[PDB]
Amino acid sequence: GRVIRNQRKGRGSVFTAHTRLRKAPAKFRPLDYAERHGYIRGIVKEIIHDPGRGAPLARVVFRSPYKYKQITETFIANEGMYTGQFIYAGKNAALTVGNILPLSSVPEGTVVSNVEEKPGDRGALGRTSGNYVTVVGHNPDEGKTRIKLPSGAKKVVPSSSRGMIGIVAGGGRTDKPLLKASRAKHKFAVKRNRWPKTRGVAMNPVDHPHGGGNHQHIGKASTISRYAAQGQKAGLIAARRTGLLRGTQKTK
Amino acid sequence: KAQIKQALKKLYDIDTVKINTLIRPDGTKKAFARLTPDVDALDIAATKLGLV
Amino acid sequence: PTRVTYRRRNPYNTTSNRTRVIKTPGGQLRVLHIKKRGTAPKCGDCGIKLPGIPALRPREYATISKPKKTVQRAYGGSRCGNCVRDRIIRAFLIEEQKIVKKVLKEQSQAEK
Amino acid sequence: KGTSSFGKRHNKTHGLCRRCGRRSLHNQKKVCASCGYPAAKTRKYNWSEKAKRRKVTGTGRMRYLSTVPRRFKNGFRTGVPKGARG
Amino acid sequence: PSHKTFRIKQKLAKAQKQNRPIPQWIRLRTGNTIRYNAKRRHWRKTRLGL
RNA sequence: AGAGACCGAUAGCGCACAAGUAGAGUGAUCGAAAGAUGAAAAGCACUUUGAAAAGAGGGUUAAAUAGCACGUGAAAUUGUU
RNA sequence: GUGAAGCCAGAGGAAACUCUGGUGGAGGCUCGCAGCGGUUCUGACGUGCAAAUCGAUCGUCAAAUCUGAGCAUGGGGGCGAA
RNA sequence: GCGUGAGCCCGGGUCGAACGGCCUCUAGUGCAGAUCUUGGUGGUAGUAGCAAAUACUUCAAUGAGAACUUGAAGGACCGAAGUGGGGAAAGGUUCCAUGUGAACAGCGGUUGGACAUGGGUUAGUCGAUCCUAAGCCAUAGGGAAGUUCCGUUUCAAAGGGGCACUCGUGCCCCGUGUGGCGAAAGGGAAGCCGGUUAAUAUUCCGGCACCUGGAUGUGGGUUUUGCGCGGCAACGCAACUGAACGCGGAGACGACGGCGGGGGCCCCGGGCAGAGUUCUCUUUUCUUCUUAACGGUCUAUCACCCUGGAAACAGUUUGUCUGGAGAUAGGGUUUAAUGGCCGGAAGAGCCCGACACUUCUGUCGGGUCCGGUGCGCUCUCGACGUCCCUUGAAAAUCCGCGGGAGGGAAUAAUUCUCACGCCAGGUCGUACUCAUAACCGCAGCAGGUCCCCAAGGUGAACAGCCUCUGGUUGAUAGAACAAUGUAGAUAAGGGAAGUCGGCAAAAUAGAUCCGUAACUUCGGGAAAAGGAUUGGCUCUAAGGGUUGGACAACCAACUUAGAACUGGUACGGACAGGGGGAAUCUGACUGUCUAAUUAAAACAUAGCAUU
RNA sequence: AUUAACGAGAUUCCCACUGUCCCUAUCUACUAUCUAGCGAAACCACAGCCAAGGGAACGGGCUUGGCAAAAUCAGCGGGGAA
RNA sequence: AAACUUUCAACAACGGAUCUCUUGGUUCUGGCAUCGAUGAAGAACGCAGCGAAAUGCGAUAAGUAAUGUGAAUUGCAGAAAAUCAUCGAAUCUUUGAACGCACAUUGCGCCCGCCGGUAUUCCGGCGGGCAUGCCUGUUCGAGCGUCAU
Ligand SMILES: [Mg+2]
Ligand SMILES: [Mg+2]
Ligand SMILES: [Mg+2]
Ligand SMILES: [Mg+2]
Ligand SMILES: [Mg+2]
Ligand SMILES: [Mg+2]
Ligand SMILES: [Mg+2]
Ligand SMILES: [Mg+2]
Ligand SMILES: [Mg+2]
Ligand SMILES: [Mg+2]
Ligand SMILES: [Mg+2]
Ligand SMILES: [Mg+2]
Ligand SMILES: [Mg+2]
Ligand SMILES: [Mg+2]
Ligand SMILES: [Mg+2]
Ligand SMILES: [Mg+2]
Ligand SMILES: [Mg+2]
Ligand SMILES: [Mg+2]
Ligand SMILES: [Mg+2]
Ligand SMILES: [Mg+2]
Ligand SMILES: [Mg+2]
Ligand SMILES: [Mg+2]
Ligand SMILES: [Mg+2]
Ligand SMILES: [Mg+2]
Ligand SMILES: [Mg+2]
Ligand SMILES: [Mg+2]
Ligand SMILES: [Mg+2]
Ligand SMILES: [Mg+2]
Ligand SMILES: [Mg+2]
Ligand SMILES: [Mg+2]
Ligand SMILES: [Mg+2]
Ligand SMILES: [Mg+2]
Ligand SMILES: [Mg+2]
Ligand SMILES: [Mg+2]
Ligand SMILES: [Mg+2]
Ligand SMILES: [Mg+2]
Ligand SMILES: [Mg+2]
Ligand SMILES: [Mg+2]
Ligand SMILES: [Mg+2]
Ligand SMILES: [Mg+2]
Ligand SMILES: [Mg+2]
Ligand SMILES: [Mg+2]
Ligand SMILES: [Mg+2]
Ligand SMILES: [Mg+2]
Ligand SMILES: [Mg+2]
Ligand SMILES: [Mg+2]
Ligand SMILES: [Mg+2]
Ligand SMILES: [Mg+2]
Ligand SMILES: [Mg+2]
Ligand SMILES: [Mg+2]
Ligand SMILES: [Mg+2]
Ligand SMILES: [Mg+2]
Ligand SMILES: [Mg+2]
Ligand SMILES: [Mg+2]
Ligand SMILES: [Mg+2]
Ligand SMILES: [Mg+2]
Ligand SMILES: [Mg+2]
Ligand SMILES: [Mg+2]
Ligand SMILES: [Mg+2]
Ligand SMILES: [Mg+2]
Ligand SMILES: [Mg+2]
Ligand SMILES: [Mg+2]
Ligand SMILES: [Mg+2]
Ligand SMILES: [Mg+2]
Ligand SMILES: [Mg+2]
Ligand SMILES: [Mg+2]
Ligand SMILES: [Mg+2]
Ligand SMILES: [Mg+2]
Ligand SMILES: [Mg+2]
Ligand SMILES: [Mg+2]
Ligand SMILES: [Mg+2]
Ligand SMILES: [Mg+2]
Ligand SMILES: [Mg+2]
Ligand SMILES: [Mg+2]
Ligand SMILES: [Mg+2]
Ligand SMILES: [Mg+2]
Ligand SMILES: [Mg+2]
Ligand SMILES: [Mg+2]
Ligand SMILES: [Mg+2]
Ligand SMILES: [Mg+2]
Ligand SMILES: [Mg+2]
Ligand SMILES: [Mg+2]
Ligand SMILES: [Mg+2]
Ligand SMILES: [Mg+2]
Ligand SMILES: [Mg+2]
Ligand SMILES: [Mg+2]
Ligand SMILES: [Mg+2]
Ligand SMILES: [Mg+2]
Ligand SMILES: [Mg+2]
Ligand SMILES: [Mg+2]
Ligand SMILES: [Mg+2]
Ligand SMILES: [Mg+2]
Ligand SMILES: [Mg+2]
Ligand SMILES: [Mg+2]
Ligand SMILES: [Mg+2]
Ligand SMILES: [Mg+2]
Ligand SMILES: [Mg+2]
Ligand SMILES: [Mg+2]
Ligand SMILES: [Mg+2]
Ligand SMILES: [Mg+2]
Ligand SMILES: [Mg+2]
Ligand SMILES: [Mg+2]
Ligand SMILES: [Mg+2]
Ligand SMILES: [Mg+2]
Ligand SMILES: [Mg+2]
Ligand SMILES: [Mg+2]
Ligand SMILES: [Mg+2]
Ligand SMILES: [Mg+2]
Ligand SMILES: [Mg+2]
Ligand SMILES: [Mg+2]
Ligand SMILES: [Mg+2]
Ligand SMILES: [Mg+2]
Ligand SMILES: [Mg+2]
Ligand SMILES: [Mg+2]
Ligand SMILES: [Mg+2]
Ligand SMILES: [Mg+2]
Ligand SMILES: [Mg+2]
Ligand SMILES: [Mg+2]
Ligand SMILES: [Mg+2]
Ligand SMILES: [Mg+2]
Ligand SMILES: [Mg+2]
Ligand SMILES: [Mg+2]
Ligand SMILES: [Mg+2]
Ligand SMILES: [Mg+2]
Ligand SMILES: [Mg+2]
Ligand SMILES: [Mg+2]
């Protein structure tokens with residue numbers, strides 16, 4: 001048989017993400033002395049649209065504590081942020097929307113965005129439009145913080161991890177139907193070469209495990225073991241259950 | 001062009017105002033050297049170049 | 001109504017092959033290759049066009065005099081004047097507020 | 001395909017190689033299909049005896065290598081015949 | 001094309017110079033066997049590879 | 001460098017020759033055909049017919065039915081008688 | 001060609017929102033030329049003009065439209081609206 | 001002649017240098033086949049055929065020879081998405097002149113992209129060169145037995161600025177970076193007109209310019225404890241110091257819609273000069289009447305400034321929108337020439353007219369104008385607007401500013417982006433074709449191959465049809481008109497009875513006015529179904545701008561409506577141009593694929609669901 | 001399962017329409033045709049009139065009969081198990 | 001009876017077999033050990049009085065020096081040896097392991113020196129240089145890695 005499309009995707013080549021129109025990655029400031037001990041003030045210059053990203057980004061200018069230059073950063077814009085707004089990043093920053101604070105100096109029950117998995121990593125969690133991370137609780141003796149992720153998972157991160165107060169802008173982007181093949185094409189044409197998608201059962205046996213046959217049918221259980229070989233993992237990988245979800249799920 | 005001008009000056013005491021050059025389809029270079037207005041190209045060709 | 005041709009080896013309409021039509025003293029219609037239009041410099045604060053400065057290609061500014069390139073006030077170029085006035089008023093007000101805040105803190109928190 | 005598609009043939013996969021002179025330098029890869037330029041070693045394979053002998057030593061001028069046997073025969077000597085002008 | 005590199009122009013020059021019939025006095029030499037230019041090339045017959 | 005119970009121009013190396021050449025292929029690569037007048041060019045002066053190519057005379061040679069489509073000159077196939 | 005929002009005016013009514021003239025210029029809308037494609041004649045041709053062309057008739061034609069150059073993916077590999 | 005035979009010997013002819021018998025030895029040793037290999041040659045056979053792209057004809061010259069050479073004349077086609085004029089790729093001399101036997105130009109050939117002999121491509125301004133893009137290759141390192149793979153800033157001690165001596169070498173500051181290749185359509189310093197050759201020209205010649213770099217002058221400006229002046233302001237003026245360090249701008253950006261300005265083209269009127277027609281008519285029909293780069297000067301929407309303070313809200317676009325965050329209004333500033341005038345520049349170009357002449361020399365006269373129009377075509381600019389779960393490069397380079405480091409002779413220079421002036425600008429490409437013959441399809445192949453410019457009429461219209469400029473008249477010819485054909489049509493009466501099947505063909509068709517069902521996702525269906533009108537001529541009305549004094553006069557196109565008359569009862573008169581309806585199966589739709597037998601119900605799609 | 005709209009998808013019927021047909025006829029151009037010039041290819045054991053018989057059970061050849069007269073042109077599609 | 005077809009013969013065509021030849025192959029045997037950063041093999045472009053190719057050569061270009069021989073070369077022309085052999089001295093364009101960085105560009109640089117243009121800085125001409133890995137040495141350095149005053 002052939003190498004299947006899912007296997008080919010990992011080679012790169014035509015499946016590499018598009019990057020020309022992306023200006024800079026969305027990252028916090030590097031964790032420095034000012035952010036560790038007090039706060040630093042930055043000015044929002046513009047709210048820009050980043051192709052391939054649903055959420056808008058905010059360009060924020062800060063002063064260098066050690067040089068005469070000025071530094072422009074690219075944050076994920078939280079909804080409610082505006083051009084000409086002062087934002088504050090640090091331990092002693094006020095608890096207002098757009099401020100970047102360590103989770104230790106944040107009370108329980110507030111939502112943040114671009115939460116660092118570890119301090120200094122400049123943001124990893126809850127960075128997509130309409131998404132946020134909730135600060136469930138604190139453990140000061142352990143120096144840790146329990147948070148709730150957009151997926152519903154519970155995580156524990158060091159209290160020094162930073163986050164931006166508020167909710168990622170971009171609202172309910174997925175609330176309107178795409179309604180058109182062209183609109184799906186435009187959505188993915190700035191992300192990746194993954195659209196359109198041909199069904200495996202419409203292929204031939206040389207091309208996919210779902211293969212051919214005189215009727216379009218999978219012919220064997222579509223749930224595939226977690227430890228199946230590469231080239232076998234087509235369908236529902238390591239599926240605990242299948243079928244329509246007809247009630248609440250114990251797992252979360 | 002600079003080498004051609006200097007070579008003409010040294011070899012024939014010829015002063016030029018400009019020199020145009022091309023490379024012919026046979027691979028050799030052809031140079032049109034315009035003399036100064038005070039010197040007559042006909043006399044130069046007759047006396048030094050053997051052209052009539 | 002004679003028809004014209006490009007006068008250069010570029011045969012494509014590539015935003016750099018801009019041409020206009022002229023009539024020569026020889027009495028025939030011809031093409032003149034023209035450069036891109038000049039662009040007016042913008043304010044660094046509000047982004048509007050700056051009055052009093054010609055719209056040229058970037059290399060062309062190196063051959064005109066300074067008074068034609070700037071206006072005679074603080075931030076002559078690159079700021080629009082309204083922004084300069086806003087800067088002046090804002091700076092004065094922030095320094096005044098800072099002075100009164102420091103005097104108030106010294107008088108009401110260091111009085112003992 | 002065929003005649004109609006042959007009309008679109010106005011590009012060049014290969015150009016002239018600086019080392020071997022053949023029109024075998026891939027214009028995009030910048031590698032010669034014949035001599036292996038720009039690799040230091042000349043491309044040569046034992047499964048093509050014909051290709052090996054088309055460019056083995058002796059198929060060219062041998063500007064320097066042809067004079068070695070005479071110099072060896074005379075012992076790589078230096079100097080001039082005892083009694084020579086100069 | 002009108003746009004040419006120097007190398008291509010030089011090779012075209014060499015081909016043009018080689019495109020000629022053999023001299024007549026060659027055939028009068030003793031032991032001559034050359035009857036005609038066997039490597040003659042025409043722009044309409046055989047394409048030179050650059 | 002010397003030899004052969006070897007081959008003798010469809011043979012012998014692909015190549016006895018301006019052969020790894022001419023030519024083909026984008027390319028890697030593929031890759032031919034093609035030797036012999038005569039001892040000596042002595043390679044046909046000159047006349048004539050023809051627009052010319054050529055022909056007919058004439059000449060050279062031991063020989064031109066050895067005339068650069070050249071030693072000999074088979075068969076297939078063809079013309080005349 | 002059709003004529004989506006938005007806008008102007010006038011009619012009703014009590015309200016609220018009904019109606020009627022206009023304006024406007026949206027749409028993977030539509031007729032149709034070039035381009036792109038290739039349905040039928042199962043036409044021509046079928047030792048062809050052509051190792052896939054020719055004619056008529058057809059599909060689409062403002063956007064999942066057509067196309068150049070540069071560049072990337074190389075054989076059990078690639079690429080595939082399959 | 002001998003031998004059963006394979007064969008052997010001899011006679012005659014041709015021919016020109018070696019060869020044979022006998023006994024042994026030796027082998028690449030015996031051909032009708034193998035769709036055998038190479039080469040050569042037949043019948044077929046003077047046969048199939050040389051029939052797409054409308055088309056040739058007369059006279060003359062040339063020549064041995066002319067349908068396919070040339071001149072003139074006529075008749076035609078391409079008909080501005082050209083058979084026109086130029087380019088990109090590709091070709092490489094096919095370009096020009098002269099000559100020409102054979103071969104090639106599937107007929108001929110005096111002709112040729114053929115053959116032969118000689119020529120032809122001129123750049124500081126056009127490109128490459130410079131920059132970076134997707135991307136590729138180094139480096140530090142790390143893998144790999146290795147050819148080499150990753151790596152492109154990454155676990156690297158990776159650089160650039162100034163001062164000082166007779167003399168290069170003495171120091172002092174800054175540092176986070178620290179490669180190359182990659183676009184003849186992206187970015188980008190600068191050249192226009194006229195003329196000229198057989199063949200090049202934005203390259204040559206003449207005139208008139210510009211840019212970059214480097215040098216130092218003259219004038220001008222500013223100052224002398226210092227680095228201009230004016231304007232309320234927007235800002236202006238010929239300059240009018242300014243290190244590091246930093247900030248900003250430009251380069252620099254999508255698609256589409258209507259509107260407005262400008263250039264060019266088209267069209268109309270008058271005049272000038274020439275030409276055509278002129279039985280008759282036509283103050284007629286056609287052509288010419290031009291103005292470059294570079295500059296000076298005056299203007300040109302949007303915006304911005306000043307006064308002032310708006311509801312009885314006002315201003316205002318086709319559309320919108322705007323205003324106590326300051327509108328209308330009045331007055332200014334300013335970005336923006338492909339606008340007017342002037343220099344260039346009439347001296348050019350062009351058009352007429354008249355006098356020289358083997359040539360050498362042409363010479364000399366004149367003239368080269370004024371208006372109008374527009375849903376016109378094309379390019380460009382501007383202000384608005386729409387769409388996006390799509391927001392539509394980078395870098396080199398150039399400029400401004402914040403800052404204030406250094407430096408700056410009351411009788412002398414003056415760290416000047418002002419005027420004038422001086423010097424220089426290397427290298428490679430440049431011919432020609434770009435296609436029914438210059439490229440690729442074995443070829444001079446009805447195929448394929450990326451662009452620019454784009455006339456008149458009809459008409460909604462780069463539809464079809466006809467024409468102008470320009471280009472061709474090139475595709476083997478002559479004669480005849482049998483069958484069968486290919487292509488184009490017409491048929492009485494019937495009207496699908498043909499056939500697997502209405503395949504093929506026919507019928508319908510533009511515009512205006514009426515009228516339009518079931519069903520429906522309320523958007524459609526719909527041009528449903530159907531019906532009427534359409535020419536010519538003579539009139540009438542309406543739809544605008546300007547000025548006077550509610551009318552008059554002047555100016556200007558077209559679009560619509562009404563009436564009479566009239567003929568062939570005809571009029572979208574050619575061309576152009578939907579047949580329609582009642583249902584069933586099926587895929588929702590738009591879209592995509594088996595290049596060269598399958599375009600579909602297959603694939604994709606949005607939506608839904610699962611992991 | 002249904003389904004408006006859409007379809008060079010498959011199917012049945014109706015109106016219109018017509019040479020699809022009854023049942024064919026006629027016209028035009030270009031061929032074919034004849035000429036000048038030029039000029040292939042496929043194919044080919046040898047060849048080329050039949051009837052029957054036998055035969056490898058369908059002969060051009062064999063057996064027995066019929067018969068049987070140069071050299072040819074345009075068509076033609078029975079045979080050559082072309 | 002001609003023509004046509006066929007058969008036979010002579011001559012003439014077509015074609016290149018046969019015979020004879022061979023400055024070529026093929027095989028065996030013997031001797032020898034000599035490429036290259038002092039730039040190889042290979043490639044490109046040029047060089048002759050009249051050459052396209054082959055052969056030879058490299059702007060000193062169908063070759064220069066030197067030695068030996070001893071009168072040619074030759075198709076023509078020309079001149080006062082030779083397209084001779086040998087070969088120890090030289091030249092040796094652009095390249096190429098290819099080396100300033102590149103190269104699909106006859107592209108873009110830096111250093112030293114000289115000669116001109118007013119010139120340490122810019123321009124032009126000329127000459128010589130500028131790759132990488134590693135070894136030895138030299139010199140200048142870094143590190144509280146470390147030793148004494
Ligand atoms: Mg596999
Ligand atoms: Mg799918
Ligand atoms: Mg399938
Ligand atoms: Mg499988
Ligand atoms: Mg399985
Ligand atoms: Mg299924
Ligand atoms: Mg089953
Ligand atoms: Mg040049
Ligand atoms: Mg293509
Ligand atoms: Mg290298
Ligand atoms: Mg060689
Ligand atoms: Mg042989
Ligand atoms: Mg032979
Ligand atoms: Mg051979
Ligand atoms: Mg080839
Ligand atoms: Mg012979
Ligand atoms: Mg005789
Ligand atoms: Mg004889
Ligand atoms: Mg003889
Ligand atoms: Mg003979
Ligand atoms: Mg015979
Ligand atoms: Mg559509
Ligand atoms: Mg098409
Ligand atoms: Mg057919
Ligand atoms: Mg046929
Ligand atoms: Mg077709
Ligand atoms: Mg028809
Ligand atoms: Mg003999
Ligand atoms: Mg044998
Ligand atoms: Mg035989
Ligand atoms: Mg046999
Ligand atoms: Mg054969
Ligand atoms: Mg034959
Ligand atoms: Mg015939
Ligand atoms: Mg035919
Ligand atoms: Mg004919
Ligand atoms: Mg024709
Ligand atoms: Mg005559
Ligand atoms: Mg003709
Ligand atoms: Mg026509
Ligand atoms: Mg016409
Ligand atoms: Mg056009
Ligand atoms: Mg032309
Ligand atoms: Mg053209
Ligand atoms: Mg190219
Ligand atoms: Mg010509
Ligand atoms: Mg001639
Ligand atoms: Mg012919
Ligand atoms: Mg002939
Ligand atoms: Mg001729
Ligand atoms: Mg003649
Ligand atoms: Mg020629
Ligand atoms: Mg330029
Ligand atoms: Mg350059
Ligand atoms: Mg660079
Ligand atoms: Mg690498
Ligand atoms: Mg390593
Ligand atoms: Mg570059
Ligand atoms: Mg460009
Ligand atoms: Mg000039
Ligand atoms: Mg000039
Ligand atoms: Mg200057
Ligand atoms: Mg002064
Ligand atoms: Mg761009
Ligand atoms: Mg004008
Ligand atoms: Mg018009
Ligand atoms: Mg007029
Ligand atoms: Mg003017
Ligand atoms: Mg106002
Ligand atoms: Mg003037
Ligand atoms: Mg005058
Ligand atoms: Mg256009
Ligand atoms: Mg216009
Ligand atoms: Mg040209
Ligand atoms: Mg060709
Ligand atoms: Mg074509
Ligand atoms: Mg028209
Ligand atoms: Mg009209
Ligand atoms: Mg038209
Ligand atoms: Mg033409
Ligand atoms: Mg023909
Ligand atoms: Mg018919
Ligand atoms: Mg009838
Ligand atoms: Mg009837
Ligand atoms: Mg009926
Ligand atoms: Mg029936
Ligand atoms: Mg029936
Ligand atoms: Mg039909
Ligand atoms: Mg019809
Ligand atoms: Mg409706
Ligand atoms: Mg219906
Ligand atoms: Mg109707
Ligand atoms: Mg009427
Ligand atoms: Mg009608
Ligand atoms: Mg239609
Ligand atoms: Mg469908
Ligand atoms: Mg596709
Ligand atoms: Mg197919
Ligand atoms: Mg297939
Ligand atoms: Mg098909
Ligand atoms: Mg339906
Ligand atoms: Mg026939
Ligand atoms: Mg004939
Ligand atoms: Mg026979
Ligand atoms: Mg029988
Ligand atoms: Mg029987
Ligand atoms: Mg029988
Ligand atoms: Mg038989
Ligand atoms: Mg019998
Ligand atoms: Mg008979
Ligand atoms: Mg037949
Ligand atoms: Mg038959
Ligand atoms: Mg047979
Ligand atoms: Mg007999
Ligand atoms: Mg013969
Ligand atoms: Mg022999
Ligand atoms: Mg060398
Ligand atoms: Mg070096
Ligand atoms: Mg070195
Ligand atoms: Mg380049
Ligand atoms: Mg330099
Ligand atoms: Mg000097
Ligand atoms: Mg120098
Ligand atoms: Mg040098
Ligand atoms: Mg040292
Ligand atoms: Mg130390």
Side-chain angles (χ1 to χ4, degrees), chain A residues 13-14 20 49 54 68-69 173 177-182 184-187 190 196 198 202-203 236-237 239 242 244, chain B residues 2 6 20-22 25 32, chain C residues 1 3-14 20-27 39-42 44 49 51-52 55 58-59 61-62 65-66 69-71 75-78 81, chain D residues 1-4 6-10 13-15 18-21 24 27 33 40 51 54-55 57 60 64-65 68-69 72 74 77-81 84-85, chain E residues 1-6 10 12 16 18 20 22-23 25-26 28-29 33-34 37-39 43:
Chain A
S13 83
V14 291
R20 174 179 60 104
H49 172 264
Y68 179 48
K69 77 177 170 254
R173 173 170 41 78
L178 285 166
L179 204 77
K180 274 165 67 175
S182 79
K185 183 181 195 287
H186 279 292
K187 176 182 183 182
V190 289
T198 307
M203 313 200 176
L236 316 179
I237 306 313
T242 44
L244 189 73
Chain B
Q6 163 185 237
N20 289 42
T21 55
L22 55 85
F32 317 86
Chain C
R3 293 168 282 192
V4 303
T5 67
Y6 283 132
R7 298 174 75 177
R8 299 169 178 183
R9 296 283 184 181
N10 185 355
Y12 310 108
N13 190 46
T14 63
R20 69 180 186 95
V21 180
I22 58 161
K23 282 261 282 291
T24 73
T39 299
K42 263 66 175 190
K49 298 195 300 184
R59 193 85 186 270
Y61 290 97
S65 54
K66 206 186 185 83
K69 291 188 279 196
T70 185
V71 311
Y75 300 86
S78 72
Chain D
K1 75 187 169 186
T3 303
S4 173
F6 296 151
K8 301 171 165 65
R9 282 154 33 103
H10 44 72
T13 289
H14 297 104
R18 275 189 267 105
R19 192 157 80 181
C20 72
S24 43
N27 280 324
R54 279 172 192 129
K55 65 196 183 195
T57 297
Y64 172 77
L65 195 49
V68 179
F72 163 79
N74 295 311
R77 65 184 172 183
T78 36
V80 175
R85 298 201 300 220
Chain E
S2 286
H3 295 334
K4 301 177 192 64
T5 69
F6 182 84
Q10 195 179 245
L12 301 175
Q16 174 180 141
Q18 303 201 150
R20 76 157 279 187
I22 70 134
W25 60 267
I26 293 281
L28 274 299
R29 291 161 335 161
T33 36
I34 298 153
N37 199 352
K39 301 187 182 181
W43 67 276

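Throughout, protein chains are lettered first and strands after them, A, B, ... in sequence-line order, and every chain is numbered starting at 1.
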Detail all sub-3.5 Å separations between protein N/O atoms and N/O atoms belonging to nucleotides 291-294 of chain H.
unit_1: H:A293; atom_1: OP1; unit_2: C:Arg20; atom_2: NH2; d: 2.4

Check: For D:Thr3, is the groove with a base atom under 5.0 Å from any side-chain heavy atom the major or the minor one?
Finding: minor
Notebook entry, point to check: Side-chain N or O of C:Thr70 less than 4.0 angstrom from OP1 or OP2 on H:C401?
Noted result: yes
Item checked: Whole-angstrom distance between H:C384 and H:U373, as gauged at atom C1' -> 28 Å
For nucleotides 586-592 of chain H, list the nitrogen or oxygen atoms of the protein found under 3.5 Å from its nitrogen or oxygen atoms, one pair per line.
none

Notebook entry, point to check: Could you give the NZ-to-P distance, from A:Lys180 to H:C387, as a whole number of Å?
Noted result: 13 Å
Notebook entry, point to check: Taking only Watson-Crick and G-U wobble pairs with both distances under 3.5 Å, what dot-bracket line describes RNA chain G, where [ ] shows pairs that cross earlier ones and | shows pairs with another strand?
Noted result: ((...(..((((....))))..)...)|).....(((..((.((........)))).)))......................
Please produce a list of atom pairs where a protein N or O lies less than 3.5 Å from an N or O of nucleotides 366-370 of chain H.
none

Check: Looking at residues at least two apart in the chain, or sitting in another chain, which of them share a side-chain hydrogen bond (donor to acceptor under 3.5 Å, both in side chains) with C:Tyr61?
Finding: none
Under 3.5 Å, which protein N or O atoms sit close to an N or O of nucleotides 26-31 of chain F? Give each pair with its distance.
unit_1: F:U26; atom_1: OP1; unit_2: D:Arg9; atom_2: NH1; d: 3.0
unit_1: F:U26; atom_1: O3'; unit_2: D:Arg23; atom_2: NH2; d: 3.1
unit_1: F:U26; atom_1: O2'; unit_2: D:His14; atom_2: ND1; d: 2.5
unit_1: F:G27; atom_1: OP1; unit_2: D:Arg23; atom_2: NH2; d: 3.4
unit_1: F:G27; atom_1: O4'; unit_2: D:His14; atom_2: ND1; d: 3.2
unit_1: F:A28; atom_1: OP1; unit_2: D:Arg22; atom_2: NE; d: 2.8
unit_1: F:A28; atom_1: OP1; unit_2: D:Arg22; atom_2: NH2; d: 3.1
unit_1: F:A28; atom_1: OP2; unit_2: D:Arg22; atom_2: NH2; d: 3.4
unit_1: F:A28; atom_1: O3'; unit_2: D:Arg43; atom_2: NH1; d: 3.1
unit_1: F:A28; atom_1: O3'; unit_2: D:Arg43; atom_2: NH2; d: 3.2
unit_1: F:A28; atom_1: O2'; unit_2: D:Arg43; atom_2: NH2; d: 3.0
unit_1: F:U29; atom_1: OP1; unit_2: D:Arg43; atom_2: NH1; d: 3.2
unit_1: F:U29; atom_1: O4; unit_2: D:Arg22; atom_2: NH2; d: 3.0
unit_1: F:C30; atom_1: OP2; unit_2: D:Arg54; atom_2: NH1; d: 2.5
unit_1: F:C30; atom_1: OP2; unit_2: D:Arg54; atom_2: NH2; d: 2.7
unit_1: F:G31; atom_1: OP2; unit_2: D:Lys50; atom_2: NZ; d: 2.3
unit_1: F:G31; atom_1: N7; unit_2: D:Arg54; atom_2: NH2; d: 2.9
unit_1: F:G31; atom_1: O6; unit_2: D:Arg54; atom_2: NE; d: 2.8

Notebook entry, point to check: How does protein reach along nucleotides 120-132 of chain H, written 5' to 3' as B (base within reach of a heavy atom under 4.0 Å), S (only sugar-phosphate), or - (no contact)?
Noted result: BBBS--SS-----
Margin query: Going 5' to 3' along RNA chain J, between which two nucleotides do contacts with chain E fall, using a heavy-atom cut-off of 4.0 Å?
Written below: J:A44 to J:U106
Considering only nitrogen or oxygen atoms on both sides, find all protein atoms under 3.5 Å from nucleotides 298-304 of chain H and state each distance.
none

Could you pull out the protein-nucleic contacts involving nucleotides 69-71 of chain F (nitrogen or oxygen on both sides, under 3.5 Å)?
unit_1: F:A69; atom_1: OP1; unit_2: E:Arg35; atom_2: NH2; d: 3.3

Notebook entry, point to check: By side-chain hydrogen bond (donor to acceptor under 3.5 Å, both in side chains), which residues pair with C:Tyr12, not counting sequence neighbours?
Noted result: none
Item checked: Any residue meeting side-chain hydrogen bond (donor to acceptor under 3.5 Å, both in side chains) with A:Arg173, in chain and number order, not counting sequence neighbours -> A:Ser129
